[PDB]
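Before any comments, here is the structure.
Derivation of every value follows stated rules applied to the coordinates shown; laboratory data play no part. Cβ coordinates were reconstructed from backbone atoms using ideal geometry, including for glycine residues, and neighbour counts include every protein chain displayed.
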Amino acid sequence: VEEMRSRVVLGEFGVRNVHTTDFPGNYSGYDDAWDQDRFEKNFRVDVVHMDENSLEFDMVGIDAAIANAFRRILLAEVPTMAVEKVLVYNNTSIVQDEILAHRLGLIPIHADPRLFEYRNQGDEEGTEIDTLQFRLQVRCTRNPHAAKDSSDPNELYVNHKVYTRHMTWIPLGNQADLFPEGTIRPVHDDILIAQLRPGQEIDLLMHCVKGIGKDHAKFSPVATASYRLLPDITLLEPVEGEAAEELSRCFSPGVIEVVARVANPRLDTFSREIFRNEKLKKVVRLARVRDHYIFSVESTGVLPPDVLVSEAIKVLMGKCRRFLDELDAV
Amino acid sequence: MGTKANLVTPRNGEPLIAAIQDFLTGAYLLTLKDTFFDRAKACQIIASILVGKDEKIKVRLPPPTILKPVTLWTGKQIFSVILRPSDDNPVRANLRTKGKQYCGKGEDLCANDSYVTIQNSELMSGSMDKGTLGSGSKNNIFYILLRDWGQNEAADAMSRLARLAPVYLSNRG
Amino acid sequence: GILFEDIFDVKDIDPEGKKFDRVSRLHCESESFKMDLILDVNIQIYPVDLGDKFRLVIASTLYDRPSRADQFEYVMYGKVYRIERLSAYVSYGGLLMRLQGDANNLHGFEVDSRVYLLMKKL
Amino acid sequence: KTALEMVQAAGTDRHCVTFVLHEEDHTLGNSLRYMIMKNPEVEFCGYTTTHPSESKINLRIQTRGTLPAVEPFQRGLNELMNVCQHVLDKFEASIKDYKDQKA
Amino acid sequence: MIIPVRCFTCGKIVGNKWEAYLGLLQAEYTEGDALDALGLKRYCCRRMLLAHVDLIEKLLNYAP
Amino acid sequence: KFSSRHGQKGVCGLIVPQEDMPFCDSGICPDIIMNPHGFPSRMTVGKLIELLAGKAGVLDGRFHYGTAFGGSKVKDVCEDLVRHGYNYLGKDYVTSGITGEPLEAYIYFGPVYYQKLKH
Ligand SMILES: [Zn+2]
């Protein structure tokens, strides 16, 4: 009689409706055969809470298959620049060479991609159109005004800790297009690379390349790029008389109002505490809307997150125009 | 000494090469009476079985077992695609047996549904236990496909299930 | 083209206790033919309750272009697979039907043949 | 040499082809599967990775009538590219509206 | 050894949150809400500071 | 070979990319997907509590003692997940990485101490 192919329903032991189930000739009476202007009208994007290094826009009105492209494309197919070859000179640190050279890899780099191109051949020399070199020269001694205390900031601290402030930029070529903080070493200047004791050196050049995130996860532009369907919670029965404040502490705190009203459902983490109550579990069905999700992009800081998403859509479109031109050849 | 020849141990005659662990609990959860797939998920689970000597067959999805209110397949109808994926496949497997947690009374009509009946490689009733898919029973299908239809069809239907049943289970969780 | 039809009264929604969340096995009785049937019905799409008169039609064919028999509102598709007062076991993928009794009106049935259900409430 | 079709038989059947899309994975397959399943003339669409070692998917399209197993595929991308054109513009019009509301 | 500069699961930049974390534990701050002050929401990035041991200040002693 | 601090050792059979892996709601994709068939024959229920005592442990900033014959019981660990908005058994609702639809059943989820060993 009534069709919730539009809500997944979360039981106590399983998640019930799950698969999309809306294609031609599945639900009789319903014509769902990809009307383009119907999708064009029922779709909007509602942005909530975009500061630096976060984004929580919505994208209401697409299936969870194309939404799992934009999560996946953000995660491992939007390119970034990261350190790939660490040309090492004298390095007398106690940190091992590869583990240093691996820890230089995970540092993000504020120079945005799509100014540069990929590295074509092996090409370990770089061509200043592909790469971006960095220098790291730290040699720590004792400071002369050190007191007798064993405080490592006070004594032994010329450069006891190799932060990413010590990395600098060797402009490879013209490199006048980018400005002074233009290639701000590691997006974060507080990252601890290694620790030293006096008489120890770290001297190394670096090479940065433009890499897909699926090649290696140090190229990943985003911390987490997950998404989640917007929940909607329907009290089938009116709840009042101290069972409302019982249902208040049952859910997430901000979600509810006190009679009982489901004030704001978007803030609900799925603890599923109702089924512990043994009385209200028959009262309210909890559900999540299928075509209304909540994206949550938090960039590492290479590109601002409103330009990560608009790049993520831009390379999915490029992935299908790459194939549509294959059929034009054939 | 090929695996397609030594499917059967020489102590009993039982088959030793048959599903283990997840494939059994994959295909039990798929052929369980409650599952229903729409043509979304049905063509997705089925089209997992199309690589590696299987990519050149016109895979025939069977007509769905619910038509009018919503149309959707059942789980056992997709397990029949393992035994006979194409149209021109000559396999007609037949098997009727008891199962684990057997209902005791009732031949095949009781609600516990632990009674397998395959007619012409179409799972008609019952759910696939270990005793109808695993190793040690002389009435699992891979033993029945061995004796009646050669040993190439038993190794294909066993290498179909190993490809199909994790693809269902990793999306059913 | 109809093989068999009558009005039925569902008497036990699930006889031995709910075993599945989407399928419950009905026990019904006919009107003046006295054909017992034990039918499984997907109840999530088509909920049924105790003591509910519902039509039931078994057809070999349904005759969107040929304009199907769609006055009914619950249509399955499966094959007969056993004939044992005859029982007549029909399987609908996994959903069993054990229409029974009085073999003169059951005459249209055979074994290994495709069979539609066309149910409807009343 | 990315996309390549697989003939069903030596005689050749256009009602069912098997597209092998190189160097890709579910990121496209599961989003193109959906946009080509919403076609009313496809009775079977589905994809599988051959192996996690190599990188390719095997999309298989089977139509109803005489669909050349290429015309839904060339319309699966064209509907998806029109989506990614639209969802981008609705995204950039909304960030530009959110930033201005914060000022 | 030393603090791994990423989370292993998500990859939040967490290597720059060690001496900022140790500066918090030097004060009154409890082990719990110290990581809520550094912006560590999920637990997988929270275990990279909580379950981490710092051998590198101890190895340095035996490395003249 | 990895072991799992309960004698359930295991060769690392497959290394999937991160984007093919069942992320939960808050974003946490797993590191080591463990098969659940190691449990009902081995009956290592002590592993199933480490995914609970660990997951409540990191969320509170606390190291839960599970010693022999004592330690932190389940009836007080489970009511610590509820304060941080988690399921009181630890089974968290995930959505699948490959297909994008949510998984049909909830997935147990948490940090347990995996020690690599010298094979
Ligand atoms: Zn993380």
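Numerical summary
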{"item": "Failed item in (1) basic (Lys, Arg); (2) in a loop (DSSP other than H, G, I, E, B); (3) buried (at least 20 other Cβ atoms within 10 Å of the Cβ), with D:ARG33 passing the rest", "result": "(2)"}
{"item": "Condition broken by C:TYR81, with the remaining ones in (1) of a type in the set (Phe, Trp, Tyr); (2) within 19 Å of C:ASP9 (Cβ to Cβ); (3) buried (at least 20 other Cβ atoms within 10 Å of the Cβ) satisfied", "result": "(2)"}
{"item": "Exclusive hit being within 16 Å of the ligand (Cβ to nearest atom), in a helix (DSSP H, G or I) and surrounded by 14 or more Cβ atoms within 10 Å (Cβ to Cβ), set F:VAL58, F:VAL77", "result": "F:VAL58"}
{"item": "Residues that are more than 16 Å from A:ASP268 (Cβ to Cβ) and within 13 Å of the chain's Cα centre (by Cα), drawn from region F:100-109", "result": "F:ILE107, F:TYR108, F:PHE109"}
{"item": "Test: residue in region A:129-149 that is loosely packed, with under 14 Cβ neighbours inside 10 Å and closer than 21 Å to A:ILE212 by Cβ", "result": "yes"}
{"item": "Residue within region D:37-50 that is within 14 Å of chain B (Cβ to nearest Cβ) and more than 19 Å from B:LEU61 (Cα to Cα) present", "result": "yes"}
{"item": "Matching residues, region D:50-81, being farther than 14 Å from D:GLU5 by Cα and either touching an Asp or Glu at 6+ places or on another chain (Cβ under 8 Å) or part of a loop (DSSP other than H, G, I, E, B) (or both)", "result": "D:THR50, D:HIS51, D:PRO52, D:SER53, D:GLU54, D:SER55, D:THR63, D:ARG64, D:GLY65, D:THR66, D:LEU67"}
{"item": "Hits in region E:7-28 (condition: near the ligand (Cβ under 8 Å from one of its atoms), within 7 Å of another protein chain (Cβ to nearest Cβ) and under 18 Å from A:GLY301 (Cβ atoms))", "result": "E:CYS10, E:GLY11, E:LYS12"}
{"item": "Matching residues, region B:87-131, being of a type in the set (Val, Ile, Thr) and within 14 Å of chain C (Cβ to nearest Cβ)", "result": "B:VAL116, B:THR117, B:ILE118"}
{"item": "Selected residue [facing chain F (nearest Cβ under 10 Å) and surrounded by fewer than 22 Cβ atoms within 10 Å (Cβ to Cβ)] from E:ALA37, E:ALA51", "result": "E:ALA51"}
{"item": "Given (1) crowded, with 20+ Cβ neighbours inside 10 Å; (2) within 16 Å of the ligand (Cβ to nearest atom), index of the condition A:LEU229 fails", "result": "(2)"}
{"item": "Unique residue being closer than 30 Å to F:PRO17 by Cα, within 10 Å of the chain's Cα centre (by Cα) and not polar (S, T, N, Q) when the list is E:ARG47, E:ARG6, E:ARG42", "result": "E:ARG47"}
{"item": "Residue match in region F:86-99 (condition: away from chain A (no Cβ under 14 Å) and under 16 Å from the mean Cα position of the chain (by Cα))", "result": "no"}
{"item": "Residues (under 25 Å from the mean Cα position of the chain (by Cα) and surrounded by 21 or more Cβ atoms within 10 Å (Cβ to Cβ)) located in region A:80-102", "result": "A:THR80, A:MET81, A:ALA82, A:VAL83, A:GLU84, A:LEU100"}
{"item": "Which listed residue is under 21 Å from E:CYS44 (Cα atoms) and away from chain A (no Cβ under 14 Å), from F:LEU51, F:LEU59", "result": "F:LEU51"}
{"item": "Of all residues in region A:200-222 being among the β-branched types (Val, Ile, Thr) and within 19 Å of A:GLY122 (Cβ to Cβ), the one that is surrounded by the most Cβ atoms within 10 Å (Cβ to Cβ)", "result": "A:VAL209"}
{"item": "Region A:249-276, residues that are within 14 Å of another protein chain (Cβ to nearest Cβ), of a type in the set (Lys, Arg) and surrounded by fewer than 19 Cβ atoms within 10 Å (Cβ to Cβ)", "result": "A:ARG249, A:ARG266, A:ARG276"}
{"item": "Members of region A:277-297 that are surrounded by fewer than 22 Cβ atoms within 10 Å (Cβ to Cβ) and among the charged types (D, E, K, R)", "result": "A:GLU278, A:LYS279, A:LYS281, A:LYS282, A:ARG285, A:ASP291"}
{"item": "Tally, over region B:28-59, of residues that are at the interface with chain D (Cβ under 9 Å from one of its Cβ atoms), basic (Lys, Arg) and under 17 Å from D:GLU43 (Cβ atoms)", "result": "2"}
{"item": "Matching residues in region A:207-221 - criterion: being more than 10 Å from chain F (Cβ to nearest Cβ) and either within 16 Å of the ligand (Cβ to nearest atom) or among the basic types (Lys, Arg) (or both)", "result": "A:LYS210, A:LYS218, A:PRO221"}
{"item": "E:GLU57 being more than 14 Å from the ligand (Cβ to nearest atom) and more than 14 Å from chain F (Cβ to nearest Cβ)", "result": "yes"}
{"item": "Qualifying residue in region E:40-52 (condition: more than 13 Å from the ligand (Cβ to nearest atom) and in a helix (DSSP H, G or I))", "result": "no"}
{"item": "B:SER48 in a loop (DSSP other than H, G, I, E, B) and within 23 Å of A:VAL18 (Cβ to Cβ)", "result": "yes"}
{"item": "Qualifying residue in region A:209-229 (condition: part of a loop (DSSP other than H, G, I, E, B) and farther than 30 Å from A:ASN68 by Cβ)", "result": "no"}
{"item": "Yes/no for E:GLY32 being within 13 Å of the ligand (Cβ to nearest atom) and within 24 Å of F:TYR86 (Cβ to Cβ)", "result": "no"}
{"item": "Test: B:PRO90 is surrounded by fewer than 21 Cβ atoms within 10 Å (Cβ to Cβ) and either closer than 30 Å to C:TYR46 by Cβ or of a type in the set (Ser, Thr, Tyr) (or both)", "result": "no"}
{"item": "Filtered residue count, region F:23-36, keeping only those that are within 11 Å of chain A (Cβ to nearest Cβ) and either surrounded by fewer than 19 Cβ atoms within 10 Å (Cβ to Cβ) or in a loop (DSSP other than H, G, I, E, B) (or both)", "result": "6"}
{"item": "Residues that are facing chain D (nearest Cβ under 9 Å), buried (at least 18 other Cβ atoms within 10 Å of the Cβ), on the phi < 0 side of the Ramachandran plot and not aliphatic (A, V, I, L, M), drawn from region A:26-57", "result": "A:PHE39, A:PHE57"}
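Listed here are the residues, each with its yes/no results for (1) among the hydroxyl-bearing types (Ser, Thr, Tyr); (2) within 28 Å of E:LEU25 (Cβ to Cβ).
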site	(1), (2)
F:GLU50	no, yes
F:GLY57	no, yes
F:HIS64	no, yes
F:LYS75	no, no
F:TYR93	yes, no
F:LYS116	no, no
